[PDB]
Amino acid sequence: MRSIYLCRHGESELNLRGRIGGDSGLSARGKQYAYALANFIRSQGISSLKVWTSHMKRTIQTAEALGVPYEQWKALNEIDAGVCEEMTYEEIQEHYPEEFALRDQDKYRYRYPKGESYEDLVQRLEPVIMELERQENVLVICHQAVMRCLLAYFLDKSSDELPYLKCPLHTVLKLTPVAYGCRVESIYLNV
């Protein structure tokens, strides 16, 4: 059957600097992953694959290694942390202790000033999920928050579980949707 492969962009510069969001490029080992992903996809022996990315440099650069064309979806853009974009957690805690604490009580519906919530991201992904449900083999090179929302849908996860879903870097999740439910397979690309 067809499979949807979800994975985050290769490790970014900001990832490396403990900062969130932004629009940075891939780190040295971040590019190593892109290539390792290319080989993984190759080893799968797929005849036709649709590769989707976001408008972020980090997803695009990852796709560049695949050597194949890819489509850029804005809805696959990472969650907007608002004023807290490009900050570390400590930096957020110090200058926005009120907001940070408010997020922990309802991480699904909380929005940082000028930012999106997890709930917002979900609604924004509806068209992507819809298209995904009517396609064959698709690879979605996205982001942690985005990946969590898609992953929550295919695995019937509650909004409460969603924001805490396991979504590490350099790890490909092979989803195989069936009659009901979806098979999952985690493949870590050590680089």
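Superpose the two forms; the largest set of C-alphas matching within 1.5 Å is the rigid core. Start at 1 with the first residue shown and count on from there.
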Worksheet item: C-alpha RMS from this form in 4 other deposited structures of this protein, rigid core superposed: larger for 180-188 or 3-11?
Response: 180-188
Discussion item. Tell me which stretch, 115-123 or 85-93, has the higher mean Cα B-factor listed in the entry.
Written reply: 115-123
Worksheet entry | Segment of higher mean CA temperature factor, 106-114 or 68-76 | 106-114
Worksheet item: Whose CA atom has the top B-factor in the entry, of 187, 7, 191, 4?
Response: 191
Practice prompt. Go through 43, 27, 135, 54 one by one and give the residue whose Cα B-factor in the PDB entry is largest.
Written response: 135
Discussion item. Can you tell me whether residue 59 has a C-alpha B-factor in the lowest, middle or highest third compared with the other modelled residues of the same chain?
Written reply: lowest
Worksheet, complete the sentence: Binned into thirds over the chain's modelled residues, the C-alpha B-factor of residue 31 lands in the highest
Discussion item. Please place residue 130 in the lowest, middle or highest third of its chain according to the CA B-factor in the PDB entry.
Written reply: highest
Worksheet, complete the sentence: Temperature factor at the Cα of residue 157, chain-ranked in thirds, falls in the highest
